[PDB]
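Protein chains in written order, with full-length UniProt numbering: chain L, 31 to 260; chain E, 31 to 260; chain Z, 31 to 260; chain X, 31 to 260.
Presented below is the structure to which this report refers.
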């Protein structure tokens, strides 16, 4: 997060930290959200060629958690497109973790929240990605969600689609690399509206909108692959 | 490093820490060796699809350094093969750093050292890869370099080639994920003989050899690309 | 607030900003909390010799509000002691303001929350007092509440009493001058637990605890002087 | 200033902005005049119970300055009377500031100017006190200095004394709360003749005279305390 603030343990009980080992032996960090005792939602670009993930839950300190579990299964959206970031969602199945003061699930949109585009709302994004700081402590910031038409002007033709939700970064506050897969939340409603997907090619301090996977567009996929009806 | 010893600043003044941003926006960690005031040597598998790298020099603490510079260019070996890890070597051009007590170059082989296979010598591996502890301090271990014929037996056919050098990990002291690109050095002679390239398909705690790029096999490529003679 | 973060309009809908004119003609700034359509809770040291207060509601920008009203009555606790800061609470009666997305009351402790000392809880304090920054934007930070016995060791004998609630500032994050009267809130419960009362004589960056009026100790006084049973 | 004109940086290079912290911890704003590289002249009613002051020099924006220094000492007039505002003058010692285009001293009266009562001249008042607009830019206005006998009639007995100088505000252009301590100057002669001291009990928009400390009555006190001759 660039120009973010430090969270304490317990501020964002749904935040997951993912230490990912890939097929080519590299170690990747991404964020994710606890959506169920057995499930983490993250981005497909984080884990589509992963071999294993260690999931950290319940601490603001990177690589610490009061629950550290290993993934049992990784489900990346079959139609994820690497080149456009279309369908950039994935599910990590974990061993049942018991909720706690520090570990709690985020709510997913139901009912008519499924028809809300959330324009002009301030939402919270959090993660341990590149920051201007030193810190190993979970950071967060607020980005206002803008409408898709305004957002589509900022990127090549075809990148911003119905299933993308963009956040404005023109105050210089932004997700940055390593924040991928992280939660974009309507705090007041404890609602997950987006999964961090992509930053502009111009970089994290460009003032360009950040693209997120719009969670209402993937609630069928989630329902269906987890077998849980939210 | 699994079951290594804890280093401290100044112990390994040639060690570079590399925070890599890939073309797909993921954040990767690898190590490297300072070989000149403007050049880092590392693995092609770390950076072959990289867009920029922050280089940390002179501190044993991960993401800390008395010099923190950004890559000016990345030359990856054009014949690198991802599937076999053949020709796994890359160069990061950086802005001229001045050597201090904590930042010094490692010698590269030359003359008759170019003909030495270094069989059955203890060499030192260092890095911030997966250990048994969640630690941010640089770790190191000593591994015995074995002969290629002995190493080859431990791998698929054709993985161990003339340009591979192997270190025995049968005491369970091993490089692991994240140590990629790191230096394999003859401490007494302050000589770089290998760059960490690949762990066994069996993982890190299997007692199996680790392969490294044999630096003596790439000294031409290094002088061609850097423009300097060693 | 020192080392605080910026709020946006709507983050803290209960925050009041008070532009106070005193009996000696000086202009003082303090914060306060909207506890009812007609009532603001603040500190007695802010307003005990005030003549009028302009109350700003509904904006993070200082001296702006979507409701700017003038006080009708100021009620400072009759037993406020200037020298020890004992009983440092006051009520400002305002013209009925209609709640809004941006203007909402904070809850006051009821039931057995009246018996909770709130030790070891992270709470949020906010205001437009001295900061290290430039900003005219409402700032906030988090301070952990410590127990009174630990807190009493940090001040002269007799300052910390049953009706004081202290917040720890040893990470360098603190209320500072101008934050007086401001809210100390359990965000999760939308609960007002303290009113900013005093900073150490050593100043805002001393690492000493900050004293607040413990709101459970004044719920009778509030009930009684507002005539509202919370 | 009610109904004043908007200044800009460099227009009033002698104007100081004072952010005062009182002994009771409240944050107060007053203005002052730069009279030497190490001295601010202001009102005793602003700082007589002050503990420290941040001094803003060289910017028309409130809490901005090309020089921002902290008070080294505050000398308040020992005979100041709060109730009558008698002897309302104070000195803030600051670290030597170098005069620039935006920071310059104002001349103090001397020789025969010490005998001039300055009746019926237009002088300029400036400050960041209450205006009709919520603005952070320095405001100014011209007020006609009237004779003490005429001023006295507009106040209680004994408030207007030999050391008071009054400015007429009957066009509704008036200093107001927050302008305290500010300069009252003969622009054409760049001469300081008054320090804003008190507004009428009727308020700022009443058309009543404003009292100022007559600087010619305190030129001895100023040289005694600063140690400099004018």
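For each residue, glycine too, the CB sits at the ideal point set by N, CA and C.
Between which two residues does the alpha helix (DSSP H) harbouring residue i extend?
{"i": "residue 181(E)", "result": "178-183"}
{"i": "residue 254(L)", "result": "249-256"}
{"i": "residue 74(Z)", "result": "74-77"}
Cβ atoms of residue j and residue i: under 8 Å apart, would you say?
{"i": "residue 206(E)", "j": "residue 178(E)", "result": "no"}
{"i": "residue 77(X)", "j": "residue 31(X)", "result": "no"}
{"i": "residue 66(Z)", "j": "residue 256(Z)", "result": "yes"}
{"i": "residue 42(E)", "j": "residue 138(E)", "result": "no"}
{"i": "residue 80(E)", "j": "residue 51(E)", "result": "yes"}
{"i": "residue 118(X)", "j": "residue 73(X)", "result": "yes"}
{"i": "residue 204(L)", "j": "residue 235(L)", "result": "yes"}
{"i": "residue 64(E)", "j": "residue 136(E)", "result": "yes"}
{"i": "residue 97(Z)", "j": "residue 107(Z)", "result": "no"}
{"i": "residue 222(X)", "j": "residue 245(X)", "result": "yes"}
{"i": "residue 71(L)", "j": "residue 61(L)", "result": "no"}
{"i": "residue 57(E)", "j": "residue 58(L)", "result": "yes"}
{"i": "residue 99(X)", "j": "residue 133(X)", "result": "no"}
{"i": "residue 55(Z)", "j": "residue 85(X)", "result": "no"}
{"i": "residue 248(L)", "j": "residue 34(L)", "result": "no"}
Among the options, which one has its Cα closest to the Cα of residue i?
{"i": "residue 53(L)", "options": "71(L), 83(L), 73(L)", "result": "83(L)"}
{"i": "residue 176(Z)", "options": "240(Z), 104(Z), 132(Z), 116(Z)", "result": "240(Z)"}
{"i": "residue 215(L)", "options": "152(L), 252(L), 93(L)", "result": "152(L)"}
{"i": "residue 154(E)", "options": "68(E), 224(E), 253(E)", "result": "224(E)"}
{"i": "residue 93(Z)", "options": "245(X), 163(X), 79(X)", "result": "163(X)"}
{"i": "residue 90(L)", "options": "183(L), 158(L), 69(L)", "result": "158(L)"}
{"i": "residue 227(L)", "options": "208(L), 127(L), 58(L)", "result": "208(L)"}
{"i": "residue 36(L)", "options": "212(Z), 231(Z), 244(Z), 201(Z)", "result": "201(Z)"}
{"i": "residue 69(X)", "options": "188(X), 233(X), 150(X), 105(X)", "result": "105(X)"}
{"i": "residue 184(Z)", "options": "237(Z), 169(Z), 252(Z)", "result": "237(Z)"}
{"i": "residue 250(Z)", "options": "171(Z), 140(Z), 218(Z)", "result": "140(Z)"}
{"i": "residue 242(Z)", "options": "174(Z), 187(Z), 126(Z), 160(Z)", "result": "174(Z)"}
{"i": "residue 218(Z)", "options": "172(Z), 231(Z), 232(Z)", "result": "172(Z)"}
{"i": "residue 44(Z)", "options": "129(Z), 75(Z), 187(Z), 186(Z)", "result": "129(Z)"}
{"i": "residue 186(L)", "options": "142(L), 115(L), 160(L)", "result": "115(L)"}
{"i": "residue 46(E)", "options": "168(E), 142(E), 75(E)", "result": "168(E)"}
What do you get for residue i, buried or exposed, if any count of 16 or more other CB atoms within 10 angstroms of its CB means buried?
{"i": "residue 102(Z)", "result": "exposed"}
{"i": "residue 156(X)", "result": "buried"}
{"i": "residue 166(X)", "result": "exposed"}
{"i": "residue 254(Z)", "result": "exposed"}
{"i": "residue 210(L)", "result": "buried"}
{"i": "residue 220(X)", "result": "exposed"}
{"i": "residue 150(E)", "result": "exposed"}
{"i": "residue 232(Z)", "result": "exposed"}
{"i": "residue 213(E)", "result": "buried"}
{"i": "residue 126(Z)", "result": "exposed"}
{"i": "residue 298(X)", "result": "It is not possible to answer for residue 298(X), since the shown part of chain X is limited to 31 through 260."}
{"i": "residue 188(Z)", "result": "exposed"}
Terminal residues of the continuous beta strand (DSSP E) containing residue i?
{"i": "residue 123(L)", "result": "120-123"}
{"i": "residue 65(Z)", "result": "57-66"}
{"i": "residue 45(L)", "result": "45-52"}
{"i": "residue 158(E)", "result": "Premise fails: residue 158(E) is in no beta strand (DSSP E) and is neither H nor E."}
{"i": "residue 31(E)", "result": "Counting along the chain, residue 31(E) falls outside any beta strand (DSSP E), and DSSP gives it neither H nor E."}
{"i": "residue 229(L)", "result": "Careful: residue 229(L) lies outside any beta strand (DSSP E) and carries neither H nor E."}
{"i": "residue 169(L)", "result": "169-175"}
{"i": "residue 86(Z)", "result": "80-87"}
{"i": "residue 103(E)", "result": "103-106"}
{"i": "residue 195(Z)", "result": "194-198"}
{"i": "residue 116(Z)", "result": "Looking at the DSSP string, residue 116(Z) is not in any beta strand (DSSP E), and its letter there is neither H nor E."}
{"i": "residue 202(Z)", "result": "Element bounds for residue 202(Z): n/a, residue is neither H nor E."}
Self-check item: Sufficient close CB pairs (3 or more, under 8 Å) joining the region 93-111 of chain X to the region 143-151 of chain X
Solution: When Cβ pairs closer than 8 Å are counted between the two stretches, the region 93-111 of chain X is seen not to touch the region 143-151 of chain X, the count staying below three.
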